[PDB]
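The next block holds one structure in the form of structure tokens; read it before the comments.
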Amino acid sequence: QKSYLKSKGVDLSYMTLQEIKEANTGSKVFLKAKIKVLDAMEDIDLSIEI
Amino acid sequence: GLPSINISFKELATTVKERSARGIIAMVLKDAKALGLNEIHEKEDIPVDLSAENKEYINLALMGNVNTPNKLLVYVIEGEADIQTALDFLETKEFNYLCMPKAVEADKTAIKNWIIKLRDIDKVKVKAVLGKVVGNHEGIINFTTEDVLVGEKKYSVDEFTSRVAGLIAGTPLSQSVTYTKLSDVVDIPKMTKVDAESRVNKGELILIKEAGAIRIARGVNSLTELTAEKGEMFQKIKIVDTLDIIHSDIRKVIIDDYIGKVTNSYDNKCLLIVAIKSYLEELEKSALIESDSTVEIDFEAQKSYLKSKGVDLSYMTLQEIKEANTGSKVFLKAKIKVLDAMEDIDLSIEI
Amino acid sequence: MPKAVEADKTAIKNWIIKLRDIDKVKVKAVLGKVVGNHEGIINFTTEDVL
């Protein structure tokens with residue numbers, strides 16, 4: 001969103017960070033995510049104690 | 001147009017710092033078979049060019065006291081013009097340890113002179129282990145113990161110094177070579193403890209039979225008479241090792257970041273100070289040195305550069321003098337705290 | 001493709017990676033002997049299978 005605003009020529013300063021987040025993006029839309037991927041069992045290690 | 005906009009994840013990686021490498025061994029060697037460098041970075045790999053004695057050299061160098069040396073560099077050329085090609089290839093590629101198995105005394109002297117020339121010019125202090133050097137330099141290392149008996153076999157001084165090179169490379173920075181017992185060594189020539197003390201005062205490294213084992217006498221430099229500015233801590237190769245690593249990392253990162261890329265300015269000076277402070281915090285967290293002191297703009301060097309620019313000392317504020325133009329020149333004040341390893345302990349228990 | 005020649009297999013791999021990189025069509029293919037440097041294609045180098 002900051003890059004879009006810079007490309008639009010708008011000076012980034014003198015506005016709220018929340019305002020920056022909620023600023024109009026035109027037709028463009030920008031988002032950020034992150035996911036956690038589960039795996040399968042392929043290696044098993046155990047130690048026996050006498 | 002009609003943005004058919006893409007929906008992709010970002011391929012992620014873990015951040016890793018990549019400061020100047022340490023513990024590498026550059027060992028140039030001579031042979032008449034398959035002349036050329038062997039770059040033996042994989043362990044227990046013996047190219048057929050290197051002879052049986054060279055094979056034993058590899059076996060000694062590969063194994064260390066605590067760890068395996070990070071990387072072993074082996075070169076092969078004819079016995080003639082060893083020094084020229086060694087100098088050229090060591091200039092081509094950086095190193096942390098240097099040892100010539102077949103160095104003559106003249107070759108050892110030439111190696112020492114070239115090493116000190118680089119340390120004066122490149123400003124990066126390096127180390128070199130040699131069989132018998134009486135030189136007054138700290139980076140060079142001398143081991144004055146002949147007829148070393150390792151596993152019931154005749155060993156030249158060069159062979160065991162090459163072994164010690166890998167031993168030191170495998171030594172972690174938190175650990176010192178002090179009282180490092182060698183299981184492989186079976187016997188050393190008998191010698192008085194007073195002689196050992198005298199040799200330590202000279203700075204020569206030798207072997208001692210202590211605690212029922214053959215151990216390292218000292219980690220002191222081969223330099224004989226340290227100047228007043230250096231002090232006894234500079235005699236320790238372990239202590240100077242972290243200084244050399246710090247200088248190498250600092251110069252490398254400065255070349256990476258500051259030369260040309262950023263024009264020098266007061267804000268740039270503040271950013272450089274912040275980066276240096278971050279580096280000092282990194283060193284402190286490394287726990288190799290304590291490093292309580294902080295690096296700041298040397299106002300004495302600042303005054304020197306204002307004198308060079310000719311700006312008056314008077315009528316301008318201390319801060320104003322400090323924040324004045326620095327041109328292309330950069331001035332810093334280096335003060336740190338260097339931490340030492342525990343070697344001798346006293347208490348007085350009481351009844 | 002049971003009877004794809006190595007040229008045909010290479011063309012298949014190139015088309016598949018082209019879709020996966022531009023058309024964003026995430027599809028997978030399996031081939032017998034392909035040293036391709038992509039994950040969408042699948043290589044199974046086992047011969048004389050009984």
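Just remember, in the structure tokens the first chain shown is A, the second B, etc., residues are 1-based per chain, and ligands are 1-based in the order shown.
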
If we count only C-alpha atoms, which residues of chain C reach to within 10 Å of chain B? Please list them as a VMD selection string.
chain C and resid 21 to 24

Excluding residue A:5 and its own-chain neighbours fewer than 5 positions away, which residues fall within 10 Å of it when counting only C-alpha atoms? Please give them as an NGL selection string.
:A and (10-12 or 20 or 23-25)

Nearby residues (only C-alpha atoms) at most 8 Å from residue B:182, same-chain spacing under 5 positions excluded, as JSON, numbers by chain:
{"B": [65, 213, 214, 215]}

Can I get the selected residues back with N, CA, C and O atoms, as a PDB file, in the first residue's frame?
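Writing the result to out20.pdb gives the following:
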```
ATOM      1  N   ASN B  65      41.911 -30.568  17.971  1.00  0.00           N
ATOM      2  CA  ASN B  65      41.725 -30.812  19.397  1.00  0.00           C
ATOM      3  C   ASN B  65      40.247 -30.937  19.750  1.00  0.00           C
ATOM      4  O   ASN B  65      39.833 -31.899  20.407  1.00  0.00           O
ATOM      5  N   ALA B 213      50.294 -36.199  31.094  1.00  0.00           N
ATOM      6  CA  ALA B 213      49.997 -36.105  29.672  1.00  0.00           C
ATOM      7  C   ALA B 213      50.865 -35.019  29.057  1.00  0.00           C
ATOM      8  O   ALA B 213      51.334 -34.109  29.745  1.00  0.00           O
ATOM      9  N   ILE B 214      51.066 -35.125  27.750  1.00  0.00           N
ATOM     10  CA  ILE B 214      51.835 -34.141  26.999  1.00  0.00           C
ATOM     11  C   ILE B 214      50.888 -33.022  26.589  1.00  0.00           C
ATOM     12  O   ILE B 214      49.916 -33.255  25.863  1.00  0.00           O
ATOM     13  N   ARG B 215      51.171 -31.805  27.049  1.00  0.00           N
ATOM     14  CA  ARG B 215      50.249 -30.691  26.893  1.00  0.00           C
ATOM     15  C   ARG B 215      50.965 -29.487  26.297  1.00  0.00           C
ATOM     16  O   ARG B 215      52.196 -29.437  26.215  1.00  0.00           O
TER      17      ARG B 215
END
```

Check chain C with DSSP on the backbone and list each residue it calls helix (DSSP H, G or I), as number ranges by chain.
C: 6-23

With only C-alpha atoms counted and 12 Å as the cut-off, give the residues of chain A in contact with chain B, each with its shortest interatomic distance in Å and the pair that gives it, as a tab-separated table.
```
residue	atom	partner	partner_atom	distance
A:27	CA	B:3	CA	9.8
A:28	CA	B:3	CA	9.4
A:29	CA	B:5	CA	9.8
A:30	CA	B:7	CA	10.8
A:31	CA	B:7	CA	10.4
A:32	CA	B:9	CA	9.5
A:33	CA	B:9	CA	8.6
A:34	CA	B:9	CA	8.4
A:35	CA	B:9	CA	9.6
```

Writer output for current selection, N, CA, C and O atoms, as an mmCIF file, in the first residue's frame:
```cif
data_model
loop_
_atom_site.group_PDB
_atom_site.id
_atom_site.type_symbol
_atom_site.label_atom_id
_atom_site.label_comp_id
_atom_site.auth_asym_id
_atom_site.auth_seq_id
_atom_site.Cartn_x
_atom_site.Cartn_y
_atom_site.Cartn_z
ATOM 1 N N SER A 27 -8.377 0.576 -7.921
ATOM 2 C CA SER A 27 -8.707 -0.790 -8.305
ATOM 3 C C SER A 27 -7.776 -1.805 -7.657
ATOM 4 O O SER A 27 -8.178 -2.954 -7.450
ATOM 5 N N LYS A 28 -6.554 -1.398 -7.324
ATOM 6 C CA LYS A 28 -5.581 -2.301 -6.730
ATOM 7 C C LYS A 28 -6.023 -2.741 -5.338
ATOM 8 O O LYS A 28 -6.747 -2.031 -4.636
ATOM 9 N N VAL A 29 -5.583 -3.935 -4.948
ATOM 10 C CA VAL A 29 -5.820 -4.478 -3.617
ATOM 11 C C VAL A 29 -4.535 -5.145 -3.147
ATOM 12 O O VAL A 29 -3.919 -5.909 -3.898
ATOM 13 N N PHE A 30 -4.131 -4.860 -1.911
ATOM 14 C CA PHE A 30 -2.910 -5.414 -1.340
ATOM 15 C C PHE A 30 -3.225 -6.065 -0.004
ATOM 16 O O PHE A 30 -3.969 -5.503 0.806
ATOM 17 N N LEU A 31 -2.650 -7.244 0.225
ATOM 18 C CA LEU A 31 -2.903 -8.014 1.433
ATOM 19 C C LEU A 31 -1.647 -8.782 1.814
ATOM 20 O O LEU A 31 -0.739 -8.963 1.001
ATOM 21 N N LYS A 32 -1.599 -9.226 3.068
ATOM 22 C CA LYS A 32 -0.470 -9.987 3.583
ATOM 23 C C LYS A 32 -0.991 -11.124 4.446
ATOM 24 O O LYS A 32 -1.904 -10.927 5.252
ATOM 25 N N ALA A 33 -0.412 -12.310 4.278
ATOM 26 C CA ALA A 33 -0.820 -13.479 5.038
ATOM 27 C C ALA A 33 0.379 -14.369 5.319
ATOM 28 O O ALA A 33 1.494 -14.109 4.860
ATOM 29 N N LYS A 34 0.128 -15.427 6.087
ATOM 30 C CA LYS A 34 1.139 -16.415 6.425
ATOM 31 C C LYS A 34 0.431 -17.647 6.969
ATOM 32 O O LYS A 34 -0.540 -17.529 7.721
ATOM 33 N N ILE A 35 0.911 -18.826 6.574
ATOM 34 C CA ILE A 35 0.234 -20.079 6.874
ATOM 35 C C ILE A 35 1.222 -21.067 7.475
ATOM 36 O O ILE A 35 2.438 -20.947 7.317
#
```

Between atom CA of residue B:163 and atom CA of residue B:186, distance in Å (one decimal):
14.7 Å

Using only C-alpha atoms, determine which residues lie at most 12 Å from residue B:18, disregarding the query and same-chain residues fewer than 5 positions distant; provide the list as a ChimeraX atom specification.
/B:249,252-253,256

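In this model, the gap between atom CA of residue B:287 and atom CA of residue B:338 comes to 10.1 Å.
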
As number ranges by chain, please: the residues near residue B:173 (cut-off 8 Å, only C-alpha atoms, same-chain neighbours under 3 positions excluded).
B: 176, 238, 242, 288

If you run DSSP on the backbone here, which positions in stretch 69-232 of chain B get strand (DSSP E or B)? Please write them as JSON, numbers by chain.
{"B": [72, 73, 74, 75, 76, 77, 97, 98, 128, 129, 130, 140, 141, 142, 143, 148, 149, 150, 154, 155, 185, 186, 187, 205, 207, 208, 209, 210, 213, 214, 215, 216, 220]}

Could you work out how far atom CA of residue B:154 lies from atom CA of residue B:190, giving the answer in Å with one decimal?
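Answer for the atom CA of residue B:190 to atom CA of residue B:154 separation: 15.9 Å.
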
Near-stretch 27-33 of chain C list (12 Å; only C-alpha atoms; drop same-chain fewer than 3 positions) as number ranges by chain
C: 1-21, 23-24, 36, 38-47
